[PDB]
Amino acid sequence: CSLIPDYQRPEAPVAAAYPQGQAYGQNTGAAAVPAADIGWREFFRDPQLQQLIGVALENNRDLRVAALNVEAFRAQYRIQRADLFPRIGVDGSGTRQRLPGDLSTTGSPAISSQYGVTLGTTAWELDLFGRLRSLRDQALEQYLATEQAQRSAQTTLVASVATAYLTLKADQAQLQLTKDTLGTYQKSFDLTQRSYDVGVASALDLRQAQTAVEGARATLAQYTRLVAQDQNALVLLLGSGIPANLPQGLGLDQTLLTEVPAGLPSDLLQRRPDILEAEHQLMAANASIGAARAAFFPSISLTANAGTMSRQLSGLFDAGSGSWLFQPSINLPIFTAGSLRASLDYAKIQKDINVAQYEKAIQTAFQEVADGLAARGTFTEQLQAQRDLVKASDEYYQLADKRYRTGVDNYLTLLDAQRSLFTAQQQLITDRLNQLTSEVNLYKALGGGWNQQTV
C-alpha cells in the first residue's frame, strides 16, 4: 500500500499571451528552440565574456555551495532509502543482578547472571502502508528540487557576470570620454586665458571657462574610482583574478548579444528552473501526506536475532548454547486526542502553501519576462533619439565655439553647448548599458544560461 495522493499540476494563474501595448512589439508565439535551450556560448557573442563566464562557472563560491547542496540532499535521500531495510548488527550483552527472596524463585536472595553474543535486528519497521516509502519519496523530490535550484543559481551567476562585465565596459567608456572632454575644455580654456590677457575676453568669460574645466576634472576622479570598483566586483563574481591572456573583446557599438525568442508564457513551466524547483517541492509536500495518512494504519515491526547465550562468559560459544529470537509486533492507534488528524491537517496545509508558492513562482516569471519585453520594444527608439540628441548637440557646440571666438555671441551659449553635449554623451552610454542589461536579464528570466551549448 501507498497513500500518497495522485499528483496533478496546478494551472498557471497568468495570461496566455505576453502583454501588448505601445511599449511592446508584436507577440511572436511558440519557438522551436526556446531561450532556455540556447547556450550562453551562443547568446553572448563577446569571446572575452565567454571566457570570463567559464572562469566564474568554476571558481565562484556561491555556485560551488549550490552544487554541494544537491549532493547533501541526495545523501539525505540515501538515508531515507536505507530506513526500509533492516539494520543488522552484532549485539554483545551482559547482565548480573541480585534479587531479594520474594522475587527470586528459590525463596532466598540470589544473583542471576547471563551473557550473550547475538546477530540480528532491532525495531525494524515493515512498510506495509508506505509510511517510510512516502518519506523516501518526499526526500527524493527535495533532492530533485535542489538540482533545479543549482540550475537556477547558474542562470543567476551567468547574468551577474555579464552585467558586471558590461558595467565595467560602460564605465571605461565614460572614463575615456571624460579624459577627451577635459583635454578639449583645457585647450578651450587656454585660448580664453590668452584672449583675456590681451584684453579681448572678459573676466566673466574666463571664470565660466574655468567652471567647465573643474567640473570635468571632478567627473574624471569619479569614473576613475567607479572603473576600479567595477573591476573589484567582477573579480568577486569570478572567484579569482581577471585572466591575463584574454581574447580581444567587443565594443558597446557592436551587437554583443543574440536576439532570443520570447516564446509563450506556458513555456516557462517546463523551462524555467525556479518554477520547476517549486513544482518539485510541491510534489515533496504531496508525498508527505502519504506518511501522515499511514500513521492511522497499523504499524508492523520485527525484532529477530540468532547467536549464543550463556550464564557464564566462558560458556558462551560452547555446544548446546545456541539461541534465536522472533519478535514481531503490530500497533493500531484507536484514540489520540485529535493528534493524528492534526498531523494530517498539517501535511495538507503544507501542500497548499506549496501550491501557492508554485503559483507565485509562475506570476513572478511572467512579470520579469514582460518587463524585459517592454525594454525590447522601447530601447531602440530611445537610443536613436539619444543618438540624434548627441549629433544635434555636437553641431550646436561647433557653431557656439565659432561665434564666441568671433565675438558674435556671449560665452554663456558656448557653456550651455559644452554641458549639453557632454551630458547627452554620458547618457547615451548609460542608456546602451540599460538596454543590454535588460536583454541579459530577459534571457535569465526565460530559462537563463544553464546550457553552454544549444540543446
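The numbering used is simple: start at 1 and walk along the sequence shown.
For the higher mean C-alpha B factor in the entry, choose 322-330 or 222-230. Higher mean C-alpha B-factor in the PDB entry: 322-330.
Can you tell me whether 11-19 has a higher mean C-alpha B factor than 432-440 in this record, or the other way round? Per the PDB entry, the higher value belongs to 11-19.
Residue with highest C-alpha B-factor in the PDB entry, from 183, 101, 377, 215: Highest C-alpha B-factor among the listed residues goes to 101.
What's the residue among 190, 71, 359, 91 with the greatest CA temperature factor in the PDB record? It is 91.
Would you mind checking where the Cα B-factor of residue 296 ranks among the modelled residues of its chain, as the lowest, middle or highest third? Middle third - that is where residue 296 ends up once the chain's C-alpha B-factors are sorted.
For residue 351, does the deposited CA B-factor place it in the lowest, middle or highest third of the chain? It belongs to the lowest third of the chain when residues are ordered by C-alpha B-factor.
Looking at the temperature factor on the CA atom of residue 372, which third of the chain's modelled residues does it land in? For residue 372, the deposited C-alpha B-factor lands in the lowest third.
Which third, lowest, middle or highest, does the C-alpha temperature factor of residue 171 belong to within its own chain? Lowest third.
Pull the Cα B-factor of residue 118 out of the PDB entry and bin it into the chain's lowest, middle or highest third. Highest third, going by the recorded CA B-factors of the chain.
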